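Report on the structure given below.
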Amino acid sequence: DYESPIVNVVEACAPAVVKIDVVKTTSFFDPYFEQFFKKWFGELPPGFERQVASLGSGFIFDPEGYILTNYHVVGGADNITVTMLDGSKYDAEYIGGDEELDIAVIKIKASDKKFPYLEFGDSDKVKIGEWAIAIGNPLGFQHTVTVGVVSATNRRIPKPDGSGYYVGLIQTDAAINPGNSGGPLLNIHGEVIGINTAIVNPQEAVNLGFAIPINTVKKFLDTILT
């Protein structure tokens, strides 16, 4: 009832976690991601592949309709569709982003009322062993959740791609995958401490999940300030 913090956080942050679907006609189609949804989300219409280019998550960080997510998700997109928990659908405008950090901000028109939003925590003050709650919403009408703890900070992983490195990442034993990539990674306090990122496939590996520290995200956001 009230003795379950994690349950509380979700109940509080779920309505701000969105879905992000981008129609085809075509680069952000990294074969790893399409196979994850294709193989695990039987809730995907018969015409997913042909019709979809990218499915992910993201989250509103400020009432005006500003949203964060993974660049690989939205990436260089023309057709961006945002779906919310209440059911309402929207069109987002690619504000800006960065592929090497894999952060990306989006914007949804707020006709009358503003939207619900999450608050940023502080990456520099994260303790290893603290609970982290990953939230996702690829289906739109329901939020998926995985729990774990902070395993390590400032991680560097060579992209199995053989062309770069994922760097500055927060690690968790909370499962992170295309099903919650782009969603937020929270505290027991409801503060966003990172952006769940699945680019780290991870490729038939276990309990190794990663996220982008918000402090890094803040330094990014500031470069796309109004």
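Going by the structure tokens order, chains are called A, B, ..., each with residues numbered from 1, while ligands are numbered from 1 in the order shown.
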
Who sits within 6 Å of residue 67 in chain A, only C-alpha atoms, same chain under 5 positions skipped, as a PyMOL selection string: chain A and resi 59-61+105-107

Deliver the residues from the most recent selection as a file, using N, CA and C atoms, as a PDB file, in the first residue's frame.
```
ATOM      1  N   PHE A  59      11.226  10.769 -22.186  1.00  0.00           N
ATOM      2  CA  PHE A  59      10.526  11.348 -21.069  1.00  0.00           C
ATOM      3  C   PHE A  59      10.545  12.868 -21.062  1.00  0.00           C
ATOM      4  N   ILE A  60       9.409  13.426 -20.655  1.00  0.00           N
ATOM      5  CA  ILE A  60       9.213  14.862 -20.583  1.00  0.00           C
ATOM      6  C   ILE A  60       9.946  15.377 -19.360  1.00  0.00           C
ATOM      7  N   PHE A  61      10.863  16.318 -19.582  1.00  0.00           N
ATOM      8  CA  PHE A  61      11.641  16.885 -18.490  1.00  0.00           C
ATOM      9  C   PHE A  61      11.260  18.311 -18.130  1.00  0.00           C
ATOM     10  N   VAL A 105      16.854  15.464 -27.743  1.00  0.00           N
ATOM     11  CA  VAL A 105      15.688  16.134 -27.192  1.00  0.00           C
ATOM     12  C   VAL A 105      14.609  16.357 -28.256  1.00  0.00           C
ATOM     13  N   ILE A 106      13.362  16.223 -27.824  1.00  0.00           N
ATOM     14  CA  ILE A 106      12.211  16.352 -28.689  1.00  0.00           C
ATOM     15  C   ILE A 106      11.213  17.331 -28.076  1.00  0.00           C
ATOM     16  N   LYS A 107      10.243  17.782 -28.872  1.00  0.00           N
ATOM     17  CA  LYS A 107       9.252  18.749 -28.396  1.00  0.00           C
ATOM     18  C   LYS A 107       7.818  18.513 -28.898  1.00  0.00           C
TER      19      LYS A 107
END
```

Selection: 12 Å around residue 219 in chain A, only C-alpha atoms, excl. self and same-chain fewer than 5 positions, as a ChimeraX atom specification: /A:97-98,101,103,123,212-214,224-225

Writer output for current selection, N, CA and C atoms, as a PDB file, in the first residue's frame:
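This is the output file out_0.pdb:
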```
ATOM      1  N   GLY A  97      20.358  17.036 -30.876  1.00  0.00           N
ATOM      2  CA  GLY A  97      20.821  15.803 -30.278  1.00  0.00           C
ATOM      3  C   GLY A  97      22.308  15.635 -30.465  1.00  0.00           C
ATOM      4  N   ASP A  98      22.795  14.412 -30.285  1.00  0.00           N
ATOM      5  CA  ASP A  98      24.219  14.110 -30.417  1.00  0.00           C
ATOM      6  C   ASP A  98      24.366  12.595 -30.544  1.00  0.00           C
ATOM      7  N   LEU A 101      27.155  10.838 -28.002  1.00  0.00           N
ATOM      8  CA  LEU A 101      26.765  10.751 -26.590  1.00  0.00           C
ATOM      9  C   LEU A 101      25.477   9.932 -26.526  1.00  0.00           C
ATOM     10  N   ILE A 103      22.307  11.252 -26.930  1.00  0.00           N
ATOM     11  CA  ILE A 103      21.260  11.990 -26.231  1.00  0.00           C
ATOM     12  C   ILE A 103      20.457  12.657 -27.341  1.00  0.00           C
ATOM     13  N   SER A 123      24.217  13.144 -10.964  1.00  0.00           N
ATOM     14  CA  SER A 123      25.059  11.987 -11.218  1.00  0.00           C
ATOM     15  C   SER A 123      26.262  11.959 -10.287  1.00  0.00           C
ATOM     16  N   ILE A 212      22.992   6.823 -19.507  1.00  0.00           N
ATOM     17  CA  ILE A 212      23.742   8.058 -19.702  1.00  0.00           C
ATOM     18  C   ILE A 212      23.430   8.947 -18.498  1.00  0.00           C
ATOM     19  N   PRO A 213      24.461   9.370 -17.753  1.00  0.00           N
ATOM     20  CA  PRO A 213      24.299  10.227 -16.570  1.00  0.00           C
ATOM     21  C   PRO A 213      23.597  11.526 -16.941  1.00  0.00           C
ATOM     22  N   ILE A 214      22.630  11.978 -16.140  1.00  0.00           N
ATOM     23  CA  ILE A 214      21.958  13.228 -16.503  1.00  0.00           C
ATOM     24  C   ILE A 214      22.899  14.425 -16.491  1.00  0.00           C
ATOM     25  N   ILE A 224      21.719  23.486 -26.284  1.00  0.00           N
ATOM     26  CA  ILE A 224      20.536  23.625 -27.127  1.00  0.00           C
ATOM     27  C   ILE A 224      19.542  24.498 -26.380  1.00  0.00           C
ATOM     28  N   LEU A 225      20.070  25.382 -25.542  1.00  0.00           N
ATOM     29  CA  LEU A 225      19.235  26.284 -24.759  1.00  0.00           C
ATOM     30  C   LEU A 225      18.544  27.311 -25.659  1.00  0.00           C
TER      31      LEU A 225
END
```

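The space between CA of residue 154 in chain A and CA of residue 129 in chain A spans 14.9 Å.
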
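Coordinates place CA of residue 152 in chain A at a distance of 5.1 Å from CA of residue 171 in chain A.
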
In range 62-219 of chain A, DSSP strand (DSSP E or B) residues written as JSON, numbers by chain: {"A": [62, 66, 67, 68, 69, 70, 81, 82, 83, 89, 90, 91, 92, 96, 97, 98, 103, 104, 105, 106, 107, 108, 119, 120, 131, 132, 133, 134, 135, 136, 144, 145, 146, 147, 148, 149, 150, 151, 152, 153, 154, 155, 156, 157, 158, 165, 166, 167, 168, 169, 170, 171, 172, 184, 185, 186, 191, 192, 193, 194, 195, 196, 209, 210, 211, 212, 213]}

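Reported to one decimal place, the separation of CA of residue 172 in chain A from CA of residue 130 in chain A is 9.7 Å.
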
Residues within 12 Å of residue 66 in chain A, only C-alpha atoms, excluding chain neighbours under 4 positions, as a PyMOL selection string: chain A and resi 16-18+58-62+82+91-96+104-110+114-118+221+224-226

Those of range 50-161 of chain A in DSSP helix (DSSP H, G or I), formatted as a PyMOL selection string: chain A and resi 50-51+71-74+123-125

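You can rank A:29, A:41, A:36, A:2 by their closest distance to residue 139 in chain A using only C-alpha atoms, and at the top of that list sits A:41.
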
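Distance check against residue 132 in chain A using only C-alpha atoms: of A:190, A:178, A:87, A:46, the minimum falls on A:190.
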
Selection: 9 Å around range 125-128 of chain A, only C-alpha atoms, excl. self and same-chain fewer than 4 positions, as number ranges by chain: A: 121, 149-153, 193

With N, CA, C and O atoms retained, export the selected residues as a PDB file, in the first residue's frame.
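Here's the written file selection-v4.pdb:
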```pdb
ATOM      1  N   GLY A 121      18.311  14.407 -11.223  1.00  0.00           N
ATOM      2  CA  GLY A 121      18.995  14.180  -9.973  1.00  0.00           C
ATOM      3  C   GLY A 121      20.395  14.692 -10.233  1.00  0.00           C
ATOM      4  O   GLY A 121      20.591  15.550 -11.093  1.00  0.00           O
ATOM      5  N   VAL A 149      20.330  -2.084  -9.165  1.00  0.00           N
ATOM      6  CA  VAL A 149      21.062  -1.177  -8.307  1.00  0.00           C
ATOM      7  C   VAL A 149      22.166  -0.523  -9.113  1.00  0.00           C
ATOM      8  O   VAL A 149      22.454  -0.967 -10.228  1.00  0.00           O
ATOM      9  N   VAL A 150      22.772   0.539  -8.605  1.00  0.00           N
ATOM     10  CA  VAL A 150      23.847   1.123  -9.394  1.00  0.00           C
ATOM     11  C   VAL A 150      25.054   0.224  -9.180  1.00  0.00           C
ATOM     12  O   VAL A 150      25.408  -0.089  -8.036  1.00  0.00           O
ATOM     13  N   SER A 151      25.651  -0.215 -10.289  1.00  0.00           N
ATOM     14  CA  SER A 151      26.791  -1.126 -10.270  1.00  0.00           C
ATOM     15  C   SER A 151      28.138  -0.437 -10.383  1.00  0.00           C
ATOM     16  O   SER A 151      29.114  -0.822  -9.741  1.00  0.00           O
ATOM     17  N   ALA A 152      28.182   0.581 -11.223  1.00  0.00           N
ATOM     18  CA  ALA A 152      29.406   1.308 -11.456  1.00  0.00           C
ATOM     19  C   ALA A 152      29.085   2.557 -12.276  1.00  0.00           C
ATOM     20  O   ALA A 152      28.050   2.639 -12.949  1.00  0.00           O
ATOM     21  N   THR A 153      29.977   3.538 -12.208  1.00  0.00           N
ATOM     22  CA  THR A 153      29.801   4.780 -12.941  1.00  0.00           C
ATOM     23  C   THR A 153      30.926   4.894 -13.935  1.00  0.00           C
ATOM     24  O   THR A 153      31.768   4.001 -14.039  1.00  0.00           O
ATOM     25  N   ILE A 193      18.416   9.898 -12.944  1.00  0.00           N
ATOM     26  CA  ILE A 193      19.865   9.857 -12.812  1.00  0.00           C
ATOM     27  C   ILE A 193      20.554   9.454 -14.105  1.00  0.00           C
ATOM     28  O   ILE A 193      21.784   9.453 -14.189  1.00  0.00           O
TER      29      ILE A 193
END
```

Contacts of range 179-187 of chain A at 7 Å (only C-alpha atoms; same-chain gap of 4+ positions) as a ChimeraX atom specification: /A:17,56-59,69-70,131-138,191-198
